[PDB]
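One letter stands for each residue in the lines below.
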Amino acid sequence: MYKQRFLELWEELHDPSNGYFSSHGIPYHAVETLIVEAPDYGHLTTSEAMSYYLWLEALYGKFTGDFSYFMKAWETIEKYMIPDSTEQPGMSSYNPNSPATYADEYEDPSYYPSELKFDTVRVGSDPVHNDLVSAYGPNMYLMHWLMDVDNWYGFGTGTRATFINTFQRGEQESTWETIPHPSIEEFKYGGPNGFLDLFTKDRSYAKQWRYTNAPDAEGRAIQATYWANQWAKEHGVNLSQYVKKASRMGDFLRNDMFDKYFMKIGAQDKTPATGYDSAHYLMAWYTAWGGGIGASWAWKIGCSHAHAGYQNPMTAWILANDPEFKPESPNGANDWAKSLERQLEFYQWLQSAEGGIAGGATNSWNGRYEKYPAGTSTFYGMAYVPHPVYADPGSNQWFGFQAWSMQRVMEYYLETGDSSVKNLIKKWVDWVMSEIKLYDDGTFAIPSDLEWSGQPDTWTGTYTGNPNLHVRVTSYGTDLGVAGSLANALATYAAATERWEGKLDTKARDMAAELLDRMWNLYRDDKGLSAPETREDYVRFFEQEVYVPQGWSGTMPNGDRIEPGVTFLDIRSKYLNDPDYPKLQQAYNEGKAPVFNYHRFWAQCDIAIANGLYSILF
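Residues numbered from 1 in each chain as written, not as in the entry; some residues may be left out. Heavy atoms only, no water.

The record lists cryo-EM as the method behind this PDB entry and 2.84 Å as its resolution.

> Tell me about empty space enclosed by the protein, and please be specific about residues and values.
The gaps of empty space that remain are located by a probe, the size of a water molecule, rolled over the atoms. The final tally for this structure, using the stated rule, is seven cavities of 30 Å³ or more. Looking at the largest cavity, its volume works out to about 140 Å³. Along the wall of the largest cavity there are 15 residues; nearest its centre are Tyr52, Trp55, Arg220, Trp404 and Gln407. For the lining of the largest cavity, the secondary-structure elements that each account for two or more residues are α2 (47–64), α6 (215–235), α10 (400–415), α12 (480–500) and α16 (601–615). Residue contributions to the lining of the largest cavity peak at four residues, all from α10. Of the residues belonging to the lining of the largest cavity, the class tally is five nonpolar, six polar and four charged. (1 Å grid on protein atoms, 1.4 Å probe; cavity = no way out; pocket = protein on both sides within 12 Å on 5 of 7 lines; lining within 4 Å. Points joined across faces, edges and corners; volume = space filled by probe spheres on them. Helix = DSSP H or I, 4+ residues; strand = E, 2+ residues; numbered from the N terminus. Nonpolar A, V, L, I, M, F, W, Y, C, P; charged D, E, K, R; others polar.)

> Can you lay out the pattern of salt bridges for me, pointing to particular residues and giving the numbers?
Overall, the coordinates contain 28 salt bridges when judged by the stated rule. One salt bridge in this structure joins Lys201 and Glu115, with 2.3 Å as the shortest N-O distance. Here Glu115 lies in strand β3 (residues 114–117) and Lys201 lies in strand β8 (residues 200–201), a separation of 86 residues in the sequence. Look at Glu115 and you get partly exposed, because its relative accessible area is 37%. Here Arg254 makes a salt bridge to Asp251, at a shortest N to O gap of 2.6 Å. Here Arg254 matches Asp251 in class, with each residue buried. Members of the salt-bridge network, linked through shared partners, are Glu37, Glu533, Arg535, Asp537 and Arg600. (Salt bridge = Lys/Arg side-chain N within 4 Å of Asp/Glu carboxyl O. Buried < 20%, exposed > 50% of the residue type's maximum accessible area, 1.4 Å probe, protein only.)

> Describe the layout of surface pockets, and please don't skip the residues or the numbers.
Put simply, the second largest pocket is a space of about 410 Å³. Forming the boundary of the second largest pocket are 18 residues, of which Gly156, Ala161, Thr162, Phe163 and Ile184 lie nearest the centre. Elements supplying a minimum of two residues to the lining of the second largest pocket: α3 (68–81), β5 (162–165) and β7 (184–185). Broken down by class, the residue content of the lining of the second largest pocket amounts to nine nonpolar, three polar and six charged.

> Pulling in residues and values, what's your account of unusual backbone geometry?
Here the residue pair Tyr112 and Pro113 is connected by a cis peptide bond, since its omega of 5° sits within 30 degrees of zero. Although it is not a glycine, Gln268 adopts a positive phi angle of roughly 55°. Positionally, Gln268 belongs in the loop between α7 (240–252) and β10 (287–292). Even without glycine at this site, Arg535 takes up a positive phi of about 50°.

> Which residues make up the packing of helix α8 (residues 313–320) against α10, and what values go with them?
Remark: α8 packs on α10, axes separated minimally by 7 Å, with the N-to-C direction vectors making an angle of 40°. Here α8 lies oblique to α10, going by the angle between them. Note on element contacts: α10 touches α8 through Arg408, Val409, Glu411, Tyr412 and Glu415, opposite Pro313, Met314 and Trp317. A breakdown of the residues in the contact of α8 with α10 according to their chemical character gives five nonpolar, no polar and three charged. (Axes fitted to C-alpha atoms, helices over the stretch in contact; angles between N-to-C directions. Parallel < 35°, antiparallel > 145°, perpendicular 65-115°, else oblique. Contact = heavy atoms within 4.5 Å.)

> Could you give an account of the pairing of strand β11 (residues 298–301), naming the residues involved and the relevant values?
Burial along β11 is two-sided: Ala298 and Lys300 and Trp299 and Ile301, pointing in opposite directions, are all buried. Where β10 lies against β11, four bridges are found, and the strand directions are antiparallel. Opposite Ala288, over in β11, you have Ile301 as the bridge partner. Hairpin connection of β10 to β11: five residues between the antiparallel strands, including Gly294 at a positive phi of 80°. (Pairing = 2+ DSSP bridges.)

Now the structure itself:
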């Protein structure tokens, strides 16, 4: 009965009338155009959406033996999400001795743009580019996270899709303070010098192309390809070309395993590092590579910050201990072997007294490689931060990250019966069981907001229990994507304990089944599943000054004046034509919060994927 739900939500996702997919076959972020999450528009696409797309037709191929949709998903990714060779000019001019130039991070968007340092700070060295080039070539086989499917912002020509970038101005820049700009800059729109002068301060500005990745998306893509390959080998389908595609994606993913400027990890300073002395062996927040248009130069950067919700032990295991997925470069397997162990120790370190996995670590304090304050705990020299990268809404305030990271940890536990991380998994499961509030009716409420206090003990190879690190739940909600992720994690717990422990843990499996059944029964919809959201933050929709720097004037392609004093809506004036705008305006005027029923591609993908993973091995 679970596979029936998976197939019906699959049909609803692939129905052209529901509006989930565009004309090219690219999934949207959500059916509803008026939704402000990490993507500020409903009909943009994200690399996480394409990773969930890959996982969804991997499950479809398992259930039906039809990987044609999975193959087409990979072809769409290569054609649209992975930048093309013609879209990557000047990449052969990269100098691995000098990967990139220095730039600070500032706590407030008002500090931006940031002065660029050319010679005051010495950047380290990149020891993997030469091997990558000798194996494949100059072009990088990585996805760009954000794309404008239907040219809503009008940065391109016609209906053709365009890569876009939003998050550029530090920690306190939320979604409501982003200025969306095209990745491939051609100086056509914006102010003078394109949109470059808003963020990076240079003496001379030139035509550029940029691409940022989200290693969460690549990790999910590699894990989906691994599972698709296993299910195909069970069926008999040959996926060698796409397994090799995922293998080279994983080989290029080793750029994330390094510090942003390739500096010594734990050095507490901007001290340049030699090869492999700058690798913290952890999935960082992002890596960004770019070059010039009409000129011959290129650059690459990693990230110092590591978030526990981005680590994927399963991907590291696959890329280290699988001959089929073995990277062409000889050093790839050893690097992934180191990364797996480092990630597992990271997860063990971060757990709190109750069981909640705290926010990750960083190699740079405040983004400027400053000395840690007195009493700060360290993990291999990396200080502890509760909310890494983003602090305006709280990076680890969201409860979905717990389920997202623990699903990977438990899948690795299921595949490799590693006895090192059993106590972590039991403590986290006990905590989430404690904090779930079911009701005598068919409704439920799971944590949505988390409050963290204290710091974990300094890592010395063993877990002390962290008496000073505490977490409490402050808000209970009914989020469906997080419910799907949590049910997936609990079912993975049940299967892993059945396979690699004395007996199946019926509590986690029963809780996952109860969550799935209650959610599906209560919140079935015409376009999938949804539940009302109070959405208080939408007041910012009418009152959030987006901070255009003073004295900088630009014009959006539709004609909006991007000037100081502009709010969220002023530079997105095509929202006034949205069908849901009158209801939003009425709710804002009369005072009460606007209630929304949102159908996200990734939320329904989580619901269906969790359903299928509950069907699998049961």
